[PDB]
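Everything below concerns the one structure shown next.
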Amino acid sequence: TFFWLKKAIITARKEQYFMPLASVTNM
Amino acid sequence: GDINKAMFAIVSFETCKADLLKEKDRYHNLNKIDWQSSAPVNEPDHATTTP
């Protein structure tokens, strides 16, 4: 067995630019 | 081995803009700060229970 660092290298969430522009109309 | 003899101490905490605006005189340069780059997901050193 080995000594795992327990940090979980993860990749964050990519940004979104068009969606905040759009207004939402409920159905 | 003595907490009194320590020269410095550093702490990292989670704060929001309203907290800084509570005392407007005390803080400066608020408009230049960017909130996206400094986030708990982006900073791995900070350990917290926030999703």
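Residue numbers (full-length UniProt numbering), protein chains in the order written: chain E, 25 to 51; chain W, 256 to 306. Cβ coordinates follow ideal geometry from the N, Cα and C atoms, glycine included.
- Message: Less than 8 Å between the beta carbons of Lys31 (chain E) and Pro299 (chain W), yes or no?
- Response: Taking the first sequence and counting its residues from 1, one reaches residue 31 (chain E) at position 7. Taking the second sequence and counting its residues from 1, one reaches residue 299 (chain W) at position 44. Taking 8 Å as the Cβ cut-off, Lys31 (chain E) and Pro299 (chain W) qualify as a contacting pair.
- Message: I'd like the list of long-range same chain contacts for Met43 (chain E), defined as Cβ closer than 8 Å, with 5 residues on each side in sequence excluded.
- Response: Your numbering for residue 43 (chain E) matches position 19 in the first sequence. The answer is none, since no qualifying residue turns up.
- Query: When the cut-off is 8 Å and only beta carbons count, does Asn286 (chain W) lie next to chain E?
  - Reply: The residue you call residue 286 (chain W) lines up with position 31 of the second sequence. No, its Cβ sits nowhere closer than 8 Å to a Cβ of chain E.
- Taking 8 Å as the cut-off, decide whether the C-beta atoms of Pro295 (chain W) and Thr305 (chain W) are in contact. For this step, residue 295 (chain W) is matched to residue 40 along the second sequence. For this step, residue 305 (chain W) is matched to residue 50 along the second sequence. Their beta carbons are under 8 Å apart, which means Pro295 (chain W) touches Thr305 (chain W) by this criterion.
- Query: When you compare only the Cα positions, how much space is there between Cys271 (chain W) and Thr25 (chain E)?
  - Reply: The count along the second sequence starts at 1 and reaches residue 271 (chain W) at position 16. The count along the first sequence starts at 1 and reaches residue 25 (chain E) at position 1. Taking the straight line from one Cα to the other gives about 43 Å.
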